[PDB]
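Residue numbers (the working numbering), protein chains in the order written: chain A, 18 to 119; chain B, 754 to 855; chain C, 270 to 373; chain D, -8 to 94. Accompanying notes for the structure given below.
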Amino acid sequence: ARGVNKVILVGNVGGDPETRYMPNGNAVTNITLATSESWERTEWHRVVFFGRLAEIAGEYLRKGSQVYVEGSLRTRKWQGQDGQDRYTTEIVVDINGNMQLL
Amino acid sequence: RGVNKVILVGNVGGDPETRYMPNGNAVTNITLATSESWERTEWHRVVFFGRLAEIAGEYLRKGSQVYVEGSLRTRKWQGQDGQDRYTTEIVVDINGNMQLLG
Amino acid sequence: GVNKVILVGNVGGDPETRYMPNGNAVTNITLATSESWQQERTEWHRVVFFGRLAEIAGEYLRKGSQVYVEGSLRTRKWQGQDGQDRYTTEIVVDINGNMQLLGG
Amino acid sequence: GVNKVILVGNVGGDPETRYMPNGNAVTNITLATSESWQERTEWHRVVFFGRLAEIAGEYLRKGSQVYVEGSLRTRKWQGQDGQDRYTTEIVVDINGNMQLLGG
Ligand SMILES: O=c1c(O)c(-c2cc(O)c(O)c(O)c2)oc2cc(O)cc(O)c12
Ligand SMILES: O=c1c(O)c(-c2cc(O)c(O)c(O)c2)oc2cc(O)cc(O)c12
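Following this line, the structure appears as structure tokens:
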């Protein structure tokens, strides 16, 4: 009927956080997060924070910061300037998730 | 050198597609639906490797409820038009887990 | 830090739910998880729910129900009737956690 | 079923590592996680086996921050009987994971 959709990541922040405000005006910050698994492959994650965690992320995270993150997966549908249909899967960290500077 | 973990419980979207590579090894593919009701449903591309692939292929059907634990991998590809596209999947292999529910 | 527990298993007996003056509900179960490989070892967990999930658990869980549970670990200290220190570690599932009835 | 625990916190004292009749290492720590609402800290008994036991023993120290993923095992034991006692531990072995944090 309904399910579980949970993501946990520990890794290093790719560049400085980009935080912006909606009209509301609630904070949304964006980062990319690198995790690596060795047998080396590194994996880049698009993490987006909302609400209090957005402000905290925006304030405290920097390029190279190590951080723990817990959220859920959302794939957004969007259009390129040729029309078409593109998709991006992100890790949404909001009130139902968590973040910890490490 | 990071943590990259995904846990999902949801219902399988269509019958599993399983195929064999050279080497004699199974890879099965499903889509998995998770929903949070106040309703939004989220579709996940899950791909299994190794023993779990055979087990998935054999036991999962359209509508099956299943628990899944894997890690996120986004694959880059050029679409027929010149463009870069990305597909993020949940890889469930020896480091992950699956459990048929019901 | 982070303190997180995820369990899928079968409920051991009927839930025991009770209400405080407030009221607010608290329900208790035991939950069995097994790893098979001996031929199986089963592990018994003391899970306790608070708030909305407590009512939902109380209502919907029964002996034998399969359920998913996400909470955090709390270990309670107590003196037993021999005067000795005892400890009980529970999985607390509250507003920060989650529960999902499985099957149909 | 599924029996999974994930913790991030600070190690309570130096790790205690010991070796078994074979050669295999087992190391023990306590791990503190805290939530402020103004604060409650929770102490976890974590026990490592195999490679992670050696890595834990070598690299973890009092105050180290670490990520840990394991499963819950409650052990029965006598000790002094006295009486029989029970202790729930987080077992981190080949099916789990650990990551030293900080840099
Ligand atoms: O899984 C969940 C979860 O973890 C939290 C959460 C919230 C916090 O404010 C925390 O600090 C925290 O650690 C967890 O909320 C939730 C709320 C839901 O409606 C449903 C969920 O499934 C979760
Ligand atoms: O999460 C897991 C994990 O880390 C390992 C693992 C850990 C090590 O330290 C190793 O050297 C290794 O080969 C595997 O096995 C697993 C096996 C499962 O069935 C399920 C899991 O979730 C894990």
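Heads up, the beta-carbon is just placed ideally off N, CA and C, and yes, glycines get one too.
DSSP on residue i, reduced to helix/strand/coil?
i          : result
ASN(-6)(D) : strand
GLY31(A)   : coil
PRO775(B)  : helix
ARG315(C)  : strand
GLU792(B)  : coil
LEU322(C)  : helix
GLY100(A)  : strand
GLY61(D)   : strand
When burial is assigned at 16 or more other CB atoms within 10 Å of the CB, is residue i buried or exposed?
i              : result
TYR77(D)       : exposed
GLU811(B)      : exposed
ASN43(A)       : exposed
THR296(C)      : buried
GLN335(C)      : buried
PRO769(B)      : buried
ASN291(C)      : exposed
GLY61(D)       : buried
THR79(D)       : buried
residue 95(D)  : Look at the range of chain D in this structure, -8 to 94, and you will see that residue 95(D) is not part of it.
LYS(-5)(D)     : buried
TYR85(A)       : buried
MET851(B)      : buried
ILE48(A)       : buried
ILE364(C)      : exposed
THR302(C)      : buried
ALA18(A)       : exposed
residue 857(B) : Nothing about residue 857(B) can be read from this structure; chain B reaches only from 754 to 855.
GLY349(C)      : exposed
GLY763(B)      : buried
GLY755(B)      : buried
Starting from residue i, find everything on chain C with Cβ-Cβ shorter than 7 Å and list it in chain order.
i        : result
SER55(D) : Result: empty, since nearest Cβ-Cβ is about 12 Å, beyond 7 Å.
Cβ of residue i versus every heavy atom of ligand 2: is any distance shorter than 8 Å?
i        : result
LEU26(A) : no
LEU51(D) : no
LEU43(D) : yes
Identify the contact partners of residue i in chain C, using a Cβ-Cβ distance below 8 Å as the criterion.
i         : result
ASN115(A) : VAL271
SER25(D)  : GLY270
Chain A partners of residue i, CB-CB under 7 Å?
i         : result
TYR329(C) : Within chain A, no residue comes near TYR329(C); the closest Cβ sits about 12 Å away, beyond 7 Å.
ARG826(B) : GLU60
Name the chain B residues that come within less than 7 Å of residue i, Cβ to Cβ?
i         : result
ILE275(C) : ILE760
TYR58(D)  : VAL756
Would you mind telling me which residues of chain C sit closer than 9 Å to residue i, beta carbon to beta carbon, in chain order?
i         : result
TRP68(D)  : The premise fails here: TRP68(D) is roughly 12 Å from chain C at the closest Cβ pair, so nothing lies under 9 Å.
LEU785(B) : Those within 9 Å of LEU785(B) in chain C number zero; the least Cβ separation is about 14 Å.
Is residue i close to ligand 4? I mean its beta-carbon at under 8 Å from any heavy atom of the ligand.
i         : result
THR106(A) : Although ligand 4 was asked about, the structure shown includes only ligand 1 and ligand 2 as ligands.
For residue i, go through chain D and note every residue whose CB falls closer than 9 Å to its CB, in chain order.
i         : result
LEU70(A)  : Those within 9 Å of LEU70(A) in chain D number zero; the least Cβ separation is about 15 Å.
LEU119(A) : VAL(-1), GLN56, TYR58, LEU92, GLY93, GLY94
Taking C-beta pairs closer than 7 Å, name the residues in chain D that residue i reaches, listed in chain order.
i         : result
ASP351(C) : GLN74
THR358(C) : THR79
Applying a beta-carbon distance threshold of less than 8 Å, which residues of chain D neighbour residue i?
i         : result
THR286(C) : Ordered by position in chain D, no residue passes the 8 Å Cβ test against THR286(C), which lies about 23 Å from the chain.
### Task
Closer than 7 Å is what we want: which residues have a beta carbon that near any heavy atom of ligand 1? List them in chain order.
Selection output, chain order preserved: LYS23(A), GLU87(A), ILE112(A), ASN113(A), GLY114(A), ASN115(A), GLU339(C), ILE364(C), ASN365(C), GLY366(C), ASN367(C).
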